[PDB]
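Participant: Just the first chains of my complex for now:
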Amino acid sequence: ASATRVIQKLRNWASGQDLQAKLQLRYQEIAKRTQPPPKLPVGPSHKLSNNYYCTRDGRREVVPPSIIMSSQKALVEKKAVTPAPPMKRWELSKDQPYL
């Protein structure tokens, strides 16, 4: 930022890009290293009523996996089915489709 205008014009022409507009050395645009003290918010469960833990525990909502067929416990015309609907094709970008 302390460069003279002659070298500034020389580095701008030889690069082809405006380098003084986007300098890669931070000078004064950054935040101050000392900051005001913050005040972080509390979560949704920080309340004194209607906050029973048995209603908001997903950890004990995990069940053992459902057995579809079993060789031991069970001792064993419909459509052909696919594990998911087929992937829709990606659309070409409207911003910049080609470099």
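Facilitator: Noted; the coordinates are in hand. Numbering: from 1, shown residues only, chains lettered A, B, ... in the order given.
Participant: make it CA atoms for all contacts and neighbour counts henceforth
Facilitator: OK.
Participant: Pull the residues that contact stretch A:11-22.
Facilitator: A:1, A:8 (Cα atoms under 8 Å, 6 or more residues apart in numbering).
Participant: Ends of that stretch, what's the gap?
Facilitator: Using Cα to Cα, to the nearest Å, one end of stretch A:11-22 lies 13 Å from the other.
Participant: again, but for stretch A:38-58
Facilitator: Distance between the two ends of stretch A:38-58: 31 Å, counting by Cα to Cα.
Participant: can you check stretch A:33-52 too?
Facilitator: Using Cα to Cα, the two ends of stretch A:33-52 sit 42 Å apart.
Participant: Let me see the contact set for residue A:1.
Facilitator: So residue A:1 contacts A:20, A:23 (Cα under 8 Å, 6+ apart).
Participant: Could you pull up phi and psi at residue A:8?
Facilitator: With angles defined as degrees, to the nearest 10, residue A:8 sits at phi -60, psi -40.
Participant: should've said residue A:13
Facilitator: According to degrees, to the nearest 10, residue A:13 has phi -70, psi -40.
Participant: neighbours of it, just the number please.
Facilitator: 12 (other Cα atoms under 10 Å).
Participant: mind checking how far it is from residue A:22?
Facilitator: From residue A:13 to residue A:22 the distance is 15 Å (Cα to Cα).
Participant: now for chain B:
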Amino acid sequence: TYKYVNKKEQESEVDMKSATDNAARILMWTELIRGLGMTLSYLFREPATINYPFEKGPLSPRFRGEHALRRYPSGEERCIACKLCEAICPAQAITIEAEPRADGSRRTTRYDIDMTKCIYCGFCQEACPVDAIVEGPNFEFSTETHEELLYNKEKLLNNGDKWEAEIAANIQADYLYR
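Facilitator: The block that follows adds chain B to the chains above:
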């Protein structure tokens, strides 16, 4: 969505001006000359080199450096020998033994940190209930022998006494997030 990085759209045909431009590009090395010019621009820029050790790289109050044992404002050591840091230490770099002190308080007779085994992760300083063990921002403590990098309770307390001037200030500046 997606985009092509190398697939060109259709063809640019063949024109006499385009052929002359491609011939000039191949013969007179135009992209090589512009690469030279950009490196010349870097030559005429300002270097990003700081003057170590007279200039130091910027840091933050959260920085995890050399370990330290803090004290209360009365001067009593904050550690209460609860071994929570040793339990949480992922590298098992903390060894603690303790007994009741002469006045009946539970203070460590042995708080060793193998700093060659430490991974400098801050789990101890975020698990300590009394802010006893901390990571002061000293990183300039490289040694010449492996032995003197194995820290005991006296070294850790002495380092906490040494670095208390900025450790308390950093904890004041950052403690409201944690």
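Participant: Could you re-examine the contacts of stretch A:11-22 with chain B now present?
Facilitator: A:1, A:8, B:34, B:37, B:38, B:39, B:40, B:41, B:42, B:44, B:45 (Cα atoms under 8 Å, 6 or more residues apart in numbering or on different chains).
Participant: List the buried residues for it?
Facilitator: Across stretch A:11-22, burial judged by 16 or more other Cα atoms under 10 Å in any protein chain shown covers A:11, A:12, A:14, A:15, A:19.
Participant: One more: stretch A:30-45?
Facilitator: Going by 16+ other Cα under 10 Å, stretch A:30-45 has no buried residues at all.
Participant: roughly how far is that stretch from the heart of the chain?
Facilitator: Centroid separation for stretch A:30-45 versus its chain: 21 Å, with Cα atoms, centre = their mean, to the nearest Å.
Participant: mind listing which of the buried residues of stretch A:11-22 are in helices?
Facilitator: Among the buried residues of stretch A:11-22, the members found in helices (DSSP state H) are A:11, A:12, A:14, A:15.
Participant: Pull up the residues of chain B that are close to chain A.
Facilitator: Contacts of chain B with chain A, taken as Cα under 8 Å from any Cα of the partner chain, map to B:1-9, B:34, B:37-42, B:44-45, B:48, B:173, B:176-177.
Participant: got a list of what residue A:90 touches?
Facilitator: Residue A:90 touches B:1, B:2, counting by Cα under 8 Å, 6+ apart.
Participant: Could you rerun that using 6 Å?
Facilitator: By Cα atoms under 6 Å, 6 or more residues apart in numbering or on different chains, the contact list for residue A:90 reads residue B:1.
Participant: Put this one in as chain C:
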Amino acid sequence: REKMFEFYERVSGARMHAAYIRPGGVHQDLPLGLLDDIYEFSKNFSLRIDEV
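Facilitator: The block that follows adds chain C to the chains above:
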């Protein structure tokens, strides 16, 4: 990359091995001004990509 390492050290205290993302969220909140500093970095970074 060193500038981005200053960013991680401001978030977590370690320039490389943050251990910041944890099961259940992340470790701590963003310190003030970091978001503006990330904007200041990202505003100028595409010029360097064009240089490469």
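Participant: Please reconsider the contacts of residue A:90 now that chain C is part of the model.
Facilitator: residue B:1 are the contacts of residue A:90 under Cα under 6 Å, 6+ apart.
Participant: How about the residues of chain A by chain B?
Facilitator: Residues of chain A that fall close to chain B, judged by Cα under 6 Å from any Cα of the partner chain: A:11, A:14, A:15, A:90, A:91, A:92, A:93, A:97, A:98, A:99.
Participant: how near is the residue of chain C found nearest chain B to chain A?
Facilitator: Nearest residue of chain C to chain B: residue C:13, at 3.7 Å (Cα to the nearest Cα). The gap separating residue C:13 from chain A is 15 Å, by Cα to the nearest Cα, to the nearest Å.
Participant: Kindly reformat the residues of chain A next to chain B as TSV containing distance to residue B:142.
Facilitator: Converted to TSV, those look like this (distance: Cα to Cα, whole Å):
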residue	distance to residue B:142
A:11	42
A:14	44
A:15	42
A:90	54
A:91	56
A:92	55
A:93	53
A:97	53
A:98	52
A:99	50
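Participant: Can you flag which of the residues you listed belong to helices?
Facilitator: Judged by DSSP H, the residues of chain A next to chain B include A:11, A:14, A:15 as members of helices.
Participant: where does the residue nearest to the residue of chain C closest to chain B when sequence neighbours are not counted land in three-state SS?
Facilitator: Nearest residue to residue C:13, sequence neighbours excluded (Cα to Cα, 6 or more residues apart in numbering or on different chains): residue B:63, at 3.7 Å. Classification of residue B:63 using DSSP: H, G, I helix; E, B strand; the rest coil returns coil.
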